[PDB]
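We begin with a single chain expressed as structure tokens, specifically the form deposited in one PDB entry.
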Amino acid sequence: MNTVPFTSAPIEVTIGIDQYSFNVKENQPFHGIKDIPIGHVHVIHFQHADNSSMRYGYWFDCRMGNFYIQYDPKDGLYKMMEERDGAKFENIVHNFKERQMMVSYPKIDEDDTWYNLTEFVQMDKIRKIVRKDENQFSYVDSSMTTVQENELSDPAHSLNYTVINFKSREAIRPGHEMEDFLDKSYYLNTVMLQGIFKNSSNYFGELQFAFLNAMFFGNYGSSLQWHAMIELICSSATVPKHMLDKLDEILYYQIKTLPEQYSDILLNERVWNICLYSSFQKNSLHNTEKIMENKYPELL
């Protein structure tokens, strides 16, 4: 079990840790989050009470270093930093635990939600989508745009998701125009899986990361990316059976976790109705179709 210490909480803020969140009042004696499960990436995220504009946060993995939060009054945000002096850090954390000034990561024992949402998400891949190589952790916020959004403007602050475009030369073999457009298996299996992602685990990891950025930060380009990766599988007639079964589980837990009151903006009617009812894989997502029909029958 690991810990992220906060030097202080000078401004009122809602703090999220994975799917949990709590309200911290201005200058409340809050000094961080303990008992964070080892083995998973995590995200710690922020929404200021004064300006609900800009949700922002940090993806990290406690195995990769000792990280803490300290408010910067010049840039106006809670920043993650790495403490390189391990002895200093353990000492800080031990004092704050003794004074019981930390919240406990509030995981229920039966609950696999976070595992299920981050099963394929690796810090190393996150850091290639979010390029900032001097830090071990990655900053994301509501306004960051994707490389594909920038093609259609600050590259250093971009989300370098794998570009997917169904009407592109990469997606369409010369002389297979109709075939490849109506059945995207070539693009999925040869171009993306064999060529770019190398395996389905890295594909699912990027799909899961995109969803989580859409959900936690309202990041619109991430939502586009999530739906694009779903649609590419669903519009392929030929998908490995293990991938279809895993996709059904992935989407099931994503739909289960989505705040009910955000479905209108975070779910694309066309993609889901197409995937569940028209695509080649209309019959292959039983768990996802059942939860969607019981939780969001209006969208469909």
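Numbering starts at 1 and runs along the sequence shown. Note that the rigid core is defined as the largest set of C-alphas that superpose within 1.5 Å between two forms.
Novice: To spell it out: superpose each other structure in 9 other deposited structures of this protein onto this one by the rigid core, compute Cα RMS over structures and residues for 69-77 and for 89-97. Which is larger?
Specialist: When 69-77 and 89-97 are compared in 9 other deposited structures of this protein, the bigger C-alpha shift is seen for 89-97.
Novice: Between 140-148 and 104-112, which one shows the bigger average Cα displacement from this form in 9 other deposited structures of this protein once the rigid core is aligned?
Specialist: Evaluated in 9 other deposited structures of this protein, the stretch farther from the shown form is 104-112.
Novice: Take the C-alpha B-factors listed in the entry for 32-40 and for 48-56, compute each mean, and give the stretch with the larger one.
Specialist: Here the higher of the two C-alpha B-factor means belongs to 48-56.
Novice: As stated in the PDB record, which stretch has the larger average Cα B-factor, 230-238 or 259-267?
Specialist: Taking the mean B-factor of the alpha carbons in each, 259-267 is higher.
Novice: Taking the values straight from the PDB record, which of 112, 206, 141, 133 has the highest C-alpha temperature factor?
Specialist: Result of the comparison over 112, 206, 141, 133: 133.
Novice: Going by the deposited entry, which of 225, 104, 118, 153 has the highest CA temperature factor?
Specialist: Out of 225, 104, 118, 153, the record gives the largest C-alpha B-factor to 153.
Novice: Which third of the chain holds residue 274 when residues are ordered by C-alpha B factor: lowest, middle or highest?
Specialist: It falls in the top third of the chain.
Novice: Split into thirds by Cα B-factor across the chain's modelled residues, where does residue 92 land: lowest, middle or highest?
Specialist: CA B-factor rank for residue 92: highest third.
Novice: By its CA B factor, does residue 254 count among the lowest, middle or highest third of the modelled residues in the chain?
Specialist: Answer is lowest: the recorded C-alpha B-factor places it there.
Novice: Where does the C-alpha B-factor of residue 70 rank in its chain, lowest, middle or highest third?
Specialist: Ranked within chain, residue 70 CA B lands in the lowest tercile.
Novice: Could you place residue 174 in the lowest, middle or highest third of its chain by Cα temperature factor, using the values in the record?
Specialist: As the PDB entry reports it, the C-alpha B-factor of residue 174 lands in the highest third of its chain.
Just so it is clear, the following notes concern the form solved in complex with a small molecule, a form of the same protein that is not shown.
Novice: In the deposited bound form, is there a heavy atom of the small molecule that lies within 4.5 Å of any heavy atom of residue 265, even though the partner is absent here?
Specialist: Judged by the heavy-atom cut-off of 4.5 Å, residue 265 is in contact with the small molecule in the deposited bound form.
Novice: Looking at the partner-bound form in the deposited bound form, is residue 214 within 4.5 Å of the small molecule by any heavy atom?
Specialist: Yes, residue 214 lies within 4.5 Å of the small molecule in the deposited bound form.
Novice: Could you tell me if residue 42 has a non-hydrogen atom within 4.5 Å of the small molecule in the deposited bound form?
Specialist: Residue-level check for residue 42: no, no contact with the small molecule.
Novice: Would residue 181 sit within 4.5 Å of the small molecule in the deposited bound form, counting heavy atoms only?
Specialist: Residue 181: no contact with the small molecule in the deposited bound form.
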